[PDB]
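Q: Below is the structure I would like to discuss, written out as structure tokens.
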Amino acid sequence: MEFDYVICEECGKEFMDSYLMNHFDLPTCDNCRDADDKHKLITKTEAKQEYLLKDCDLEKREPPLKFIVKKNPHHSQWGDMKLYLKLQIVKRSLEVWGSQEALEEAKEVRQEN
Ligand SMILES: [Zn+2]
């Protein structure tokens, strides 16, 4: 219901909530999160064609990496799209297909069939 002791696991600052603790329930402030890439959320479809992930570390991780919603500025359903903690689907992706270089061979396994 309320939060008055959410300590960041990066700076260690006590606060009520932030960008990640607002809807991601992440114990980190907006001063430590690096949306540029670290916390840079990712597009669900992006985790499917970028990490070739399936119903495991996307919507079956239980919890399925907290997701969100926005309006992709590209040509897609920006009326109600959904995103996902990028850094989460990133680590899970490496353990999913193997790693980064491996993730590459994966994109080919999908562009080969
Ligand atoms: Zn912090």
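By convention in this document, the chains of the structure tokens carry letters A, B, ... by their order, each chain's residues are numbered from 1, and ligands are numbered from 1 in the order they are shown.
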Wanna dump the chain A-ligand 1 contacts at 10 Å for me, each residue with its shortest atom pair and the distance in Å to one decimal, counting only C-alpha atoms and all ligand atoms, ordered by chain and number, as a Markdown table?

A:
| residue | atom | partner | partner_atom_place_in_ligand_line | distance |
| --- | --- | --- | --- | --- |
| A:7 | CA | ligand 1 | 1 (Zn) | 7.7 |
| A:8 | CA | ligand 1 | 1 (Zn) | 4.4 |
| A:9 | CA | ligand 1 | 1 (Zn) | 6.4 |
| A:10 | CA | ligand 1 | 1 (Zn) | 4.7 |
| A:11 | CA | ligand 1 | 1 (Zn) | 3.8 |
| A:12 | CA | ligand 1 | 1 (Zn) | 5.8 |
| A:13 | CA | ligand 1 | 1 (Zn) | 5.9 |
| A:14 | CA | ligand 1 | 1 (Zn) | 8.8 |
| A:15 | CA | ligand 1 | 1 (Zn) | 9.6 |
| A:18 | CA | ligand 1 | 1 (Zn) | 9.5 |
| A:27 | CA | ligand 1 | 1 (Zn) | 8.5 |
| A:28 | CA | ligand 1 | 1 (Zn) | 5.2 |
| A:29 | CA | ligand 1 | 1 (Zn) | 4.4 |
| A:30 | CA | ligand 1 | 1 (Zn) | 6.7 |
| A:31 | CA | ligand 1 | 1 (Zn) | 5.4 |
| A:32 | CA | ligand 1 | 1 (Zn) | 4.1 |
| A:33 | CA | ligand 1 | 1 (Zn) | 7.1 |

Q: Pick out the residues sitting within 10 Å of residue 3 of chain A, and hand them over as a PyMOL selection string; count only C-alpha atoms, and ignore anything fewer than 4 positions along from it in its own chain.

A: chain A and resi 15-17+21

Q: Looking at A:59, A:36, A:2, A:80, which one is nearest to residue 22 of chain A, with distances taken over only C-alpha atoms?

A: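 Counting only C-alpha atoms, the residue closest to residue 22 of chain A is A:2.
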
Q: For segment 76-79 of chain A, please output as a list in words all residues within 12 Å (counting only C-alpha atoms; exclusion window: fewer than 6 positions along the same chain).

A: residues 43, 44, 45, 46, 69 and 70 of chain A

Q: Dump N, CA and C atoms for the selected residues as an mmCIF file, in the first residue's frame?

A:
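This is the output file selection-v3.cif:
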data_model
loop_
_atom_site.group_PDB
_atom_site.id
_atom_site.type_symbol
_atom_site.label_atom_id
_atom_site.label_comp_id
_atom_site.auth_asym_id
_atom_site.auth_seq_id
_atom_site.Cartn_x
_atom_site.Cartn_y
_atom_site.Cartn_z
ATOM 1 N N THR A 43 11.232 -3.938 -26.376
ATOM 2 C CA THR A 43 9.885 -4.238 -26.930
ATOM 3 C C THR A 43 9.639 -5.748 -26.871
ATOM 4 N N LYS A 44 8.481 -6.156 -26.428
ATOM 5 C CA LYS A 44 8.187 -7.617 -26.355
ATOM 6 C C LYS A 44 8.551 -8.266 -27.693
ATOM 7 N N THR A 45 7.998 -7.775 -28.767
ATOM 8 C CA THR A 45 8.321 -8.357 -30.097
ATOM 9 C C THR A 45 9.834 -8.290 -30.306
ATOM 10 N N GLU A 46 10.469 -7.297 -29.744
ATOM 11 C CA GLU A 46 11.947 -7.165 -29.894
ATOM 12 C C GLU A 46 12.636 -8.339 -29.191
ATOM 13 N N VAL A 69 3.739 -0.759 -21.097
ATOM 14 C CA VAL A 69 3.065 -0.431 -22.382
ATOM 15 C C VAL A 69 3.416 0.990 -22.813
ATOM 16 N N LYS A 70 3.425 1.226 -24.093
ATOM 17 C CA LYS A 70 3.746 2.581 -24.609
ATOM 18 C C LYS A 70 3.159 2.725 -26.015
#

Q: Got a sec: who's within 12 Å of residue 111 of chain A, counting only C-alpha atoms, leaving out chain neighbours fewer than 6 positions off, as a PyMOL selection string?

A: chain A and resi 49-50+52+104-105

Q: What lies within 8 Å of residue 68 of chain A using only C-alpha atoms, ignoring chain neighbours under 5 positions off, as a ChimeraX atom specification?

A: /A:23,82-84

Q: Using only C-alpha atoms, which of the listed residues (A:26, A:53, A:20, A:6) sits closest to residue 95 of chain A?

A: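 Looking only at the distances to residue 95 of chain A, the closest residue turns out to be A:53.
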
Q: Could you pull out the residues in chain A that DSSP calls strand (DSSP E) from the backbone, as a PyMOL selection string?

A: chain A and resi 6-7+14-15+42-43+67-68+83-84

Q: Kindly export the residues of the current selection with N, CA, C and O atoms, as a CSV table (one decimal), in the first residue's frame.

A:
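Output (result.csv):
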chain,number,residue,atom,x,y,z
A,6,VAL,N,12.3,2.1,0.6
A,6,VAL,CA,12.8,1.4,-0.6
A,6,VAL,C,14.2,1.8,-0.8
A,6,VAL,O,14.5,3.0,-1.2
A,7,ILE,N,15.2,1.0,-0.5
A,7,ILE,CA,16.6,1.4,-0.6
A,7,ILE,C,17.1,1.0,-2.0
A,7,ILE,O,17.0,-0.1,-2.4
A,14,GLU,N,17.5,5.8,0.6
A,14,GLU,CA,16.2,5.4,1.0
A,14,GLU,C,15.1,6.3,0.4
A,14,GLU,O,15.3,7.5,0.4
A,15,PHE,N,14.1,5.8,-0.1
A,15,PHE,CA,13.0,6.6,-0.7
A,15,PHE,C,11.7,5.9,-0.8
A,15,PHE,O,11.6,4.8,-0.3
A,42,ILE,N,12.7,-2.9,-23.2
A,42,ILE,CA,12.8,-3.5,-24.6
A,42,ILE,C,11.4,-3.8,-25.1
A,42,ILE,O,10.5,-4.0,-24.3
A,43,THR,N,11.2,-3.9,-26.4
A,43,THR,CA,9.9,-4.2,-26.9
A,43,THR,C,9.6,-5.7,-26.9
A,43,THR,O,10.5,-6.5,-27.2
A,67,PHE,N,6.3,-6.4,-17.3
A,67,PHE,CA,6.1,-5.7,-18.6
A,67,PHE,C,5.5,-4.4,-18.5
A,67,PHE,O,5.2,-3.9,-17.4
A,68,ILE,N,5.3,-3.7,-19.6
A,68,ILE,CA,4.7,-2.3,-19.5
A,68,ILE,C,4.0,-2.0,-20.8
A,68,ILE,O,3.6,-2.9,-21.6
A,83,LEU,N,6.0,-3.5,-23.3
A,83,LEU,CA,7.4,-3.7,-23.3
A,83,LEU,C,7.8,-4.6,-22.1
A,83,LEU,O,7.0,-5.3,-21.5
A,84,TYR,N,9.1,-4.8,-21.9
A,84,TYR,CA,9.5,-5.7,-20.8
A,84,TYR,C,10.9,-5.3,-20.3
A,84,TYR,O,11.7,-4.8,-21.0

Q: Could you state the separation of atom CA of residue 37 of chain A and atom CA of residue 64 of chain A in Å, given to one decimal place?

A: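 Computed distance, atom CA of residue 37 of chain A to atom CA of residue 64 of chain A, equals 19.8 Å.
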
Q: Could you tell me which of A:47, A:89, A:106, A:1 comes closest to residue 61 of chain A if we count only C-alpha atoms?

A: A:89

Q: Using only C-alpha atoms, find the one residue out of A:66, A:25, A:57, A:38 that sits nearest to residue 94 of chain A.

A: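 Among the listed residues, A:57 lies closest to residue 94 of chain A.
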
Q: When DSSP is applied to the backbone of this structure, which of segment 13-109 of chain A are assigned alpha helix (DSSP H)? Write them out as a count of residues only.

A: 33

Q: Could you check which of A:103, A:96, A:113, A:71 is closest to residue 55 of chain A, using only C-alpha atoms?

A: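 Among A:103, A:96, A:113, A:71, it is A:96 that comes nearest to residue 55 of chain A.
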
Q: Between atom CA of residue 41 of chain A and atom CA of residue 101 of chain A, what is the distance, to one decimal in Å?

A: 21.5 Å
